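In what follows, a single structure is set out as structure tokens and then discussed.
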Amino acid sequence: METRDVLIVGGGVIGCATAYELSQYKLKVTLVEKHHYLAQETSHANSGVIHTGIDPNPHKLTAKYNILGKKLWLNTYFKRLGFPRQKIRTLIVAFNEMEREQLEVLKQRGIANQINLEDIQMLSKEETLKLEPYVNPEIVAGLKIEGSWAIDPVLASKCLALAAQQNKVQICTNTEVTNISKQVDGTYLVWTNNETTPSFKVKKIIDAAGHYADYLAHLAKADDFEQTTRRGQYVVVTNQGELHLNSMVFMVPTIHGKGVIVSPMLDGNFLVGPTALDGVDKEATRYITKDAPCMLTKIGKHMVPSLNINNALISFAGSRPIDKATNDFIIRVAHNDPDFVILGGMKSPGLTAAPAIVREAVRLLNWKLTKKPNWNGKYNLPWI
Ligand SMILES: Cc1cc2nc3c(=O)[nH]c(=O)nc-3n(C[C@H](O)[C@H](O)[C@H](O)COP(=O)(O)OP(=O)(O)OC[C@H]3O[C@@H](n4cnc5c(N)ncnc54)[C@H](O)[C@@H]3O)c2cc1C
Ligand code: NI
């Protein structure tokens with residue numbers, strides 16, 4: 001049985017960035033992940049986009065943490081951590097007059113979420129097709145936003161963890177939390193992999209368990225929020241000849257769901273998707289099906305008609321964990337246990353928001369913390 005200050009449960013990007021942030025303090029920290037490797041779940045199956053903030057409702061935590069999160073990635077995390085990424089602008093395209101006025105709404109949203117005017121540009125049909133000659137010519141309008149990036153979220157999550165690990169954070173994989181009990185004395189005992197006796201005794205739990213973030217709070221008797229799901233399947237295609245894109249192209253999200261794209265990927269291939277299906281089981285959140293490819297053909301070709309979807313390399317899927325009550329991020333202490341911090345409902349744009357989400361996690365522990373004087377935070381993930 002390890003006694004420790006903080007147990008972080010879940011090794012997606014939220015758990016990993018949390019470990020990184022806490023590694024700068026004098027603390028005994030452990031992170032637990034049920035899989036043999038980190039970032040195998042939602043943080044594996046997403047489009048990797050660092051969103052501008054044009055999209056999320058400005059009154060929600062999604063917008064708030066998008067804004068903070070992105071600044072942190074660009075002006076702090078990218079200076080210290082090496083992993084693949086690239087700067088690439090956002091283009092949202094409209095197909096009729098109703099989608100066209102949605103662009104005007106989106107513009108306003110971006111401004112409300114503090115995007116400078118110089119980054120936003122409404123484009124006519126003609127201007128859009130000049131910028132991106134391979135887009136559907138039946139579009140009527142476009143909205144271009146500079147400032148977005150695309151990263152490999154897997155390599156980023158691992159970089160964060162390795163960085164944390166280098167600064168004395170304990171990372172335990174193949175370790176699934178199966179029971180938690182708060183003690184008379186204020187600490188938790190934690191059982192893993194259904195073992196008989198506890199593996200950990202800790203003062204604080206940071207719940208970053210993705211689709212099981214709700215399960216884990218119910219298990220600690222700490223909060224009773226519930227998540228639902230939205231599963232999205234993608235395809236990656238290659239060998240598209242003369243095809244080029246210098247933007248990530250999006251359908252209007254307001255009409256077609258969040259993050260429906262055709263994007264050029266870091267590896268030179270094109271990502272298409274995703275589909276959308278609500279209410280799949282938690283254990284099914286990454287299952288691919290034979291239904292989805294057909295929807296994917298319609299989505300890709302509507303946006304980039306010269307796309308050949310038979311030139312397909314992989315199919316994969318992921319699901320957004322969605323808080324049932326608020327349809328927003330959950331970033332707070334449990335309502336019924338001030339020592340259990342919840343980072344749940346980590347839907348889009350949780351990746352973009354991550355750094356801000358986890359700094360708030362650190363504050364919600366409500367401790368006077370002492371910095372290690374010899375921390376700088378730098379890690380270059382070797383990759384080629
Ligand atoms: C299709 C799709 C597209 C998206 N696109 C973007 C995008 O372009 N940009 C953006 O900003 N956001 C995007 N998002 C949102 C983003 O991917 C998620 O916000 C983020 O990955 C959530 O990370 P997480 O760490 O909370 O969850 P996860 O990555 O799911 O990790 C949670 C971890 O907890 C572990 N776990 C669960 N239960 C236990 C247990 N009891 N014990 C131990 N471990 C446990 C799991 O194994 C796991 O890996 C997208 C999401 C989806 C689904
Ligand atoms: Ni407002």
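The chains in the structure tokens are called A, B, ... from first to last as shown; in each chain the residues are counted from 1, and the ligands are counted from 1 in the order shown.
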key: Distance filter 6 Å around ligand 1, atoms: only C-alpha atoms and all ligand atoms, out as a ChimeraX atom specification   = /A:9-15,32-35,39-43,45-51,175-178,208-212,232,318-320,346-352
message = Taking only C-alpha atoms and all ligand atoms into account, list the residues no farther than 8 Å from ligand 2, as a ChimeraX atom specification.
response = /A:58-59,112
How close does each residue of stretch 113-194 of chain A get to stretch 370-377 of chain A, giving the shortest atom pair and distance in Å to one decimal for every residue with an atom at most 9 Å away, counting only C-alpha atoms, sorted by chain and residue number, as a tab-separated table?
```
residue	atom	partner	partner_atom	distance
A:163	CA	A:377	CA	7.0
A:164	CA	A:377	CA	8.4
A:167	CA	A:375	CA	7.8
```
Stretch 223-317 of chain A residues near stretch 105-110 of chain A within 10 Å, closest pair each, using only C-alpha atoms, as a Markdown table:
```
| residue | atom | partner | partner_atom | distance |
| --- | --- | --- | --- | --- |
| A:252 | CA | A:106 | CA | 8.8 |
| A:253 | CA | A:106 | CA | 9.1 |
| A:254 | CA | A:106 | CA | 8.7 |
```
inquiry  = Report, in Å with one decimal, the straight-line distance from atom CA of residue A:94 to atom CA of residue A:307.
reply    = 18.5 Å
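Interatomic distance, atom CA of residue A:171 to atom CA of residue A:30: 5.9 Å.
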